[PDB]
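Protein sequence lines, in the order shown, are assigned to chains A and B. Per the UniProt record's numbering, the first sequence runs over residues 299 to 339, 348 to 717. Per the UniProt record's numbering, the second sequence runs over residues 299 to 339, 348 to 717. Ideal Cβ positions, reconstructed from N, Cα and C, are used throughout, including at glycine.
There are 2 protein chains.
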Amino acid sequence: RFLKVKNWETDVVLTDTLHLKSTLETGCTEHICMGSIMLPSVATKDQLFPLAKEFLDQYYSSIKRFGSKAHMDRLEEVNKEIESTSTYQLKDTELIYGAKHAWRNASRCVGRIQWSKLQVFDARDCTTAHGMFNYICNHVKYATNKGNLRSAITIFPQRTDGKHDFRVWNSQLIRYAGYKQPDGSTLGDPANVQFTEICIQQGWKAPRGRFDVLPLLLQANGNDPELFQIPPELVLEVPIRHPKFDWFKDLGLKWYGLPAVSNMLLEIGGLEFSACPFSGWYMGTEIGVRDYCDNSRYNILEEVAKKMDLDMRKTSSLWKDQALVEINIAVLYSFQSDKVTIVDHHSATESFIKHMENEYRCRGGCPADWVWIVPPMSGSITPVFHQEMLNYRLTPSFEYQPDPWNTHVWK
Amino acid sequence: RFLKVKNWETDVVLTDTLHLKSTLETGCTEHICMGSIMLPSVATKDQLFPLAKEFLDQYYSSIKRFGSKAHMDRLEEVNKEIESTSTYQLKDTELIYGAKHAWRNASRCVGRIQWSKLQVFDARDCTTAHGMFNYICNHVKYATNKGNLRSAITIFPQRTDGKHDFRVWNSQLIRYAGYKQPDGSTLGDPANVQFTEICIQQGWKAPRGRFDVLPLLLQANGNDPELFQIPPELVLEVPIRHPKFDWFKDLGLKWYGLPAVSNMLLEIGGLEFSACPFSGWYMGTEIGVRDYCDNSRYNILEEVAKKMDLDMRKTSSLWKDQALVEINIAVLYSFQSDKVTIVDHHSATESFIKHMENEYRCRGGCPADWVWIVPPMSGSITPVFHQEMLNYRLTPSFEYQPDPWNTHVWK
Ligand code: HEM
Ligand code: HEM
Ligand SMILES: N=C(Nc1cccc(CCNCc2cccc(NC(=N)c3ccco3)c2)c1)c1ccco1
Ligand SMILES: N=C(Nc1cccc(CCNCc2cccc(NC(=N)c3ccco3)c2)c1)c1ccco1
Ligand SMILES: C[C@H](O)[C@H](O)[C@H]1CNc2nc(N)[nH]c(=O)c2N1
Ligand SMILES: C[C@H](O)[C@H](O)[C@H]1CNc2nc(N)[nH]c(=O)c2N1
Ligand SMILES: [Zn+2]
Numbered sequence: 299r300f301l302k303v304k305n306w307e308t309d310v311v312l313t314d315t316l317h318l319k320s321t322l323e324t325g326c327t328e329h330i331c332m333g334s335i336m337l338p339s348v349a350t351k352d353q354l355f356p357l358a359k360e361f362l363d364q365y366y367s368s369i370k371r372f373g374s375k376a377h378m379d380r381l382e383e384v385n386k387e388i389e390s391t392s393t394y395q396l397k398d399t400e401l402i403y404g405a406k407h408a409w410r411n412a413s414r415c416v417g418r419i420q421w422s423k424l425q426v427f428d429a430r431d432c433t434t435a436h437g438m439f440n441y442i443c444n445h446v447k448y449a450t451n452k453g454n455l456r457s458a459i460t461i462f463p464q465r466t467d468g469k470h471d472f473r474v475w476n477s478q479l480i481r482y483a484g485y486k487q488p489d490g491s492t493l494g495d496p497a498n499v500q501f502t503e504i505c506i507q508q509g510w511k512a513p514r515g516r517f518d519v520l521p522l523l524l525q526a527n528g529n530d531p532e533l534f535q536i537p538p539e540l541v542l543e544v545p546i547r548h549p550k551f552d553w554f555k556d557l558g559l560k561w562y563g564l565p566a567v568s569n570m571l572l573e574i575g576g577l578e579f580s581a582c583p584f585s586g587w588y589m590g591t592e593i594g595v596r597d598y599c600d601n602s603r604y605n606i607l608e609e610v611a612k613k614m615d616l617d618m619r620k621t622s623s624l625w626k627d628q629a630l631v632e633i634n635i636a637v638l639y640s641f642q643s644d645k646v647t648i649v650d651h652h653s654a655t656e657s658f659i660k661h662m663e664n665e666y667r668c669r670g671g672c673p674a675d676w677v678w679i680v681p682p683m684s685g686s687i688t689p690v691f692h693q694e695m696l697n698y699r700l701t702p703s704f705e706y707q708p709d710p711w712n713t714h715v716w717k
Numbered sequence: 299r300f301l302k303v304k305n306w307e308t309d310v311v312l313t314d315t316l317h318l319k320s321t322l323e324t325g326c327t328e329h330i331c332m333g334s335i336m337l338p339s348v349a350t351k352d353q354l355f356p357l358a359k360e361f362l363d364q365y366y367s368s369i370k371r372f373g374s375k376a377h378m379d380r381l382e383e384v385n386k387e388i389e390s391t392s393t394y395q396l397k398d399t400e401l402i403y404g405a406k407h408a409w410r411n412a413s414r415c416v417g418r419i420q421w422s423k424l425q426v427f428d429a430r431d432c433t434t435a436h437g438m439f440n441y442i443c444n445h446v447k448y449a450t451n452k453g454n455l456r457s458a459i460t461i462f463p464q465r466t467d468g469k470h471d472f473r474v475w476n477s478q479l480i481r482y483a484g485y486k487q488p489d490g491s492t493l494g495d496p497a498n499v500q501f502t503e504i505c506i507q508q509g510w511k512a513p514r515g516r517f518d519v520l521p522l523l524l525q526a527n528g529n530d531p532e533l534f535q536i537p538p539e540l541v542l543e544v545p546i547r548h549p550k551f552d553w554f555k556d557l558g559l560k561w562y563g564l565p566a567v568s569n570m571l572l573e574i575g576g577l578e579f580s581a582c583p584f585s586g587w588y589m590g591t592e593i594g595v596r597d598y599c600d601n602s603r604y605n606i607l608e609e610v611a612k613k614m615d616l617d618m619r620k621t622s623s624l625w626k627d628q629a630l631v632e633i634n635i636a637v638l639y640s641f642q643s644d645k646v647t648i649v650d651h652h653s654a655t656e657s658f659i660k661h662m663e664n665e666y667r668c669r670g671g672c673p674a675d676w677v678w679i680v681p682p683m684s685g686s687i688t689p690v691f692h693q694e695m696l697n698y699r700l701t702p703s704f705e706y707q708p709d710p711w712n713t714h715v716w717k
């Protein structure tokens, strides 16, 4: 009931009581552990007040006014509005708290040392897909900041009935397009080949190349979604070169500065924000390892090993490992030479251990998903490999949600 | 009740019913997942017959004589001997089945495609620490096989009362010594600094260098353990050189061929074999990444990066990643040039996916611990990163047990 986690590199031991405040379930039982399953899985008015009271009780327990008059009146005020409308509305202050703590509680996020430096843009007055486009452009501009990236989230009107949801249909606001070929192979990004076809099915004229920024598909208050093209001056991009290999320029790769994830669901005191694009910056390995070297992604280990002139006959020459290190040296180098914010897996994983120490001390714990925290290269030479982590679900939280082209009633 | 696991690189989906036959617990609950905790945690006669019947029922269900006359007589025969002695004895055939399936069920082992090619040495007639030494030498010789390594296990008398346990006190039969210095730093292997002091406390004269093979500490039928030195001709060793960097010889590193783990507990039909050293061969990363580059181990990223002439000022130059790839190219290269069996993390992790497919088909599943299956470098460029794995505990099994110098009543 007061579990211990250990670091098997420093022998540092931390004690977790926060997990007791945990609410939702994990997927594991006493007889099976599902910690490596990828995907871990209308709200009546009855259910809504406990969640509202729970959230409000921790919000006032955080500004050091827990149970005071201002708390009990806001507790009754929300009670009365849930009676009235069977739902309710968050103060601007409650929206910033919730949003910031959804991130704080994201157990798969290695960058949470930043969780309280987050810029919350309230788009709950938005009503049209054009207004969404506007808010999203102002998000991209603000968060990019000439390469000095700043974390931000734009929060669109909460779900109400279920048939009038605001959704961004892009998985990320900025994403490269994918096109299959006559021979079957894939130009651009193979991850987005279906979404790219949806945008074309809706009128996008594709500039069928590799690094084509996709248009925004925006669904407002349940209406069929509409295409908008981000002004290209707002899409900052980093051409990838190596500090040694001048043919690495000839490789002709480039990535975008701003990772801005738009397909998730933000849960605050029982309320559901189905459109809530959030952005920070990249850990280097997301691009260098996964985007560039996942077999089903850009898959450049073949080509980089060729230009490096490597023993590509034997699996056991570690030519794959060799070309992967250089690819991530280049991504880091390129981003830093252009003054565009990026973080390497060593700096990022060190900061998380330091972040973990702060959470166990001033909060009683820190939910963490080892399968996701440990970087996808060089696992054990980073300090998170050697750190035991307790995973549990706290709220406010970010959740997965189905893609809207399977849910939506079309016209 | 019939769960699905997916590979997010091939979209291959396998269905697991084996987990229903699971017995022991995992440490996870519906509200916390402990899949990254390192350590996952006398037997009365009442408890012993269910475990005996369970094991025997699956042993006869495996030779296609489930419930026949030979089964029911052996079921009654063991029933009667557990009445008699409150314990019982395994046939030689039952010992090989159990031992082989303990390995088959080891969810953290990536090499289990070999589980049925295992040589079982029955040392249940052993009575003295000298006889243990003898059996263990014959194990090392047989399993080494002039570098053409062969998997084997030597099984010493089962626990009975608890105060008369057979134990090997070495963590592995072959291990390098560790000595701390006046200034505090550590010669040899820092992992074994305490055990090395125990052997010296018992009379070992240390040849205080790096790669000093430790003597065997053997405890027989509960008696105080006794030192024996493996004949050096039986300890095969691989000097580590690089196929490019001739100063890598001057680094002067070497490892032993045979990984033979001696500190675990083999559980078969409720019986407990506290001494059961088992051996196979190395995946390359155990040595190249963990043994050589764990901060608390040999820790040679400093020195290899120096000789490579690297940017060692910035964390973000990936000089650590760079020196780690070369170190594992050398370990592989050295082992293969000497005809000593080793496997690279790519070949080994591919075989496990192929092994997984066989288990889900002819067995209904395959318990697997992702945190341990994914190699400690280059995670996602190997196919196990992208493979969902269900972890659950089946029996027969290998278990951890406390170090005997904390348990034992000394004289
Ligand atoms: C400050 C810079 C940030 C960095 C360096 C960072 C880094 C990462 C990385 C590498 C992942 C793993 C995801 C993957 O590999 O696909 C992740 C997950 C995640 N992050 Fe952070 N992140 C940052 C900011 C944020 C912000 C601002 C939020 C929310 C407001 C957030 C919420 C999440 C969530 C919800 C997930 C994982 C959910 C999932 O896909 O299961 N992150 N982060
Ligand atoms: C055939 C060659 C084998 C290879 C290549 C191999 C590979 C591995 C590796 C890399 C690990 C991870 C352990 C670590 O990183 O510390 C492991 C775990 C394990 N293997 Fe295998 N292994 C082999 C044979 C065997 C045999 C013959 C047995 C038993 C008879 C066995 C039982 C286990 C157990 C019990 C564990 C992990 C238990 C733990 O420490 O939690 N293995 N194996
Ligand atoms: N579909 C596949 N995998 C997959 C499936 C479902 C989900 C996922 C994981 C996709 N989360 C993307 C994501 C979420 C959060 C943060 C970041 N990053 C950041 N820095 C960032 C953005 C904003 C602030 O910070 C990236 C992956 C697949 C097929 C083959 C290989 O993979
Ligand atoms: N004490 C630490 N970690 C730690 C603690 C407890 C347990 C462990 C894990 C130690 N299993 C060793 C092991 C078990 C089984 C197989 C192999 N290998 C083989 N190929 C092999 C041998 C026979 C057949 O196959 C290696 C590690 C520590 C401190 C700092 C960094 O780590
Ligand atoms: C099957 C497995 O759960 C899947 O590959 C996970 C593993 N860990 C991950 N970790 C991160 N950060 N991102 C990922 O996409 C994944 N994928
Ligand atoms: C804290 C964490 O559980 C620990 O580092 C584990 C992670 N996975 C591992 N995987 C293997 N194969 N060997 C290990 O020693 C470990 N250590
Ligand atoms: Zn679990």
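Helix, strand or coil at residue i [DSSP, three-state]
| i | result |
| --- | --- |
| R410 of chain A | helix |
| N712 of chain A | helix |
| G494 of chain A | strand |
| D556 of chain A | helix |
| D518 of chain B | coil |
| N605 of chain B | coil |
| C432 of chain A | coil |
| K486 of chain B | strand |
| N664 of chain B | helix |
| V610 of chain A | helix |
| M589 of chain B | strand |
| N305 of chain B | strand |
| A405 of chain A | helix |
| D530 of chain A | coil |
| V310 of chain B | coil |
| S703 of chain A | strand |
| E543 of chain A | strand |
Between the CA atoms of residue j and residue i - distance to the nearest angstrom
| i | j | result |
| --- | --- | --- |
| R414 of chain A | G373 of chain A | 33 Å |
| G671 of chain B | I679 of chain A | 27 Å |
| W561 of chain A | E543 of chain A | 6 Å |
| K359 of chain A | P681 of chain A | 38 Å |
| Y482 of chain A | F501 of chain A | 11 Å |
| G453 of chain A | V637 of chain A | 15 Å |
| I546 of chain B | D615 of chain B | 20 Å |
| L362 of chain B | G575 of chain B | 7 Å |
| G325 of chain B | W676 of chain B | 15 Å |
Assigned exposure category for residue i - 16 Cβ within 10 Å defines buried
| i | result |
| --- | --- |
| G494 of chain A | buried |
| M336 of chain B | exposed |
| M378 of chain A | exposed |
| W587 of chain A | buried |
| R465 of chain B | buried |
Residues that residue i contacts on chain E, provided the C-beta gap is smaller than 7 Å
| i | result |
| --- | --- |
| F300 of chain B | This model lacks chain E altogether, as its protein chains are A and B. |
The stretch 605-623 of chain A in contact with the stretch 659-666 of chain A per 3-pair CB rule at 8 Å: no
| What is the chain-ordered set of residues for which the beta carbon lies under 6 Å from any non-hydrogen atom of ligand 6? | A:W306, A:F691, A:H692, A:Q693, A:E694, B:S334, B:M336, B:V677 and B:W678
### Message
Measuring CB atoms only, is the stretch 702-711 of chain B touching the stretch 434-444 of chain B, in the sense that at least three cross pairs come out at less than 8 Å?
### Response
no
Check your understanding: Would you call the stretch 640-660 of chain B and the stretch 401-409 of chain B in contact, with 3 or more CB pairs under 8 Å?
Key -> no
Is it true that the stretch 648-655 of chain A meets the stretch 607-615 of chain A, where meeting means three or more beta-carbon pairs spaced less than 8 Å apart? no
Segment contact, 8 Å Cβ cut-off, at least three pairs: the stretch 299-315 of chain A with the stretch 309-318 of chain B = no
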